[PDB]
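Just the one chain here, the form deposited in one PDB entry, laid out as structure tokens.
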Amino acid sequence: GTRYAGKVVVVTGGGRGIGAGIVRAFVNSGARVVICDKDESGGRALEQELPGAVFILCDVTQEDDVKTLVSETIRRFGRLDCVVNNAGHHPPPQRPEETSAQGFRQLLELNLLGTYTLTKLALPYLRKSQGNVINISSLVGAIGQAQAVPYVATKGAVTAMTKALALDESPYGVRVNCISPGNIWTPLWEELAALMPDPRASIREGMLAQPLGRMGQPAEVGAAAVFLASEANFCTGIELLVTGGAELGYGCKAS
């Protein structure tokens, strides 16, 4: 309740799954948390549950929404210490032939340009506070993934952008890092699995993709974020892997 006391944190896509885990972690650290999500229901239930938290309806692809989010934050709490860019969408599995450019553009809006926009607008305030930026990328940005060309591209862009921005903002004492989760068990993961012919088999396959033999927890991503914000003071431009070793060793990559 004291590790990030007196700090103000914005978590986008914060209403459920990974975002919610991050939100909870930060609230437990004693931080004030602004839950930013386009979905009313999720973030509003979460704001009721957690007094350390406040829900602001916001679509990060809409610049005015982002502009308002930032102004509201400063207006209500007078400072901004951490921006966690977690807003993002994993599409269902799609072969490259069955992707479109329009779909790819849309996914870049959702996964990359929202991050860009909030970060740009937040940065003046993060300089004043010597705050920090945490982007939620994905392991698949680094190693790839089958049937996810657009998604993988968007997350490689996020991880790369993180490094560029780290370099630009280091003169101002603003650290910029990313977390790259692997397979994290969320309702999202579950809806996707439900689309498969044998969803149970697909969930198993997902568990066994980690040497640890399980998938990760939103709380575990949340812990990593609180660490990056509150104690990783000589870390900038790093990619913190929360994957259960899924990138390690030989596996089953063909059939």
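Position 1 is the first residue in the sequence shown; the rest follow in order. Residues that one form lacks are left out of the comparison. Under this definition, the rigid core comprises the largest set of C-alpha atoms superposing within 1.5 Å between the forms.
We do not show the form deposited in another entry, though everything after this point is about it.
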query: Of 188, 57, 219, 50, the one whose Cα moves 2 Å or more between the shown form and the other one after core superposition; finding: 188
query: Exceeds or equals 2 Å, Cα of residue 228 between the shown form and the other one, core fit; finding: no
query: C-alpha of residue 206 moved at least 2 Å between the shown form and the other one on rigid core; finding: yes
query: Moved runs of 3+ residues, each with a C-alpha displacement of 2 angstroms or more between the shown form and the other one on the rigid core; finding: 187 to 207, 253 to 255
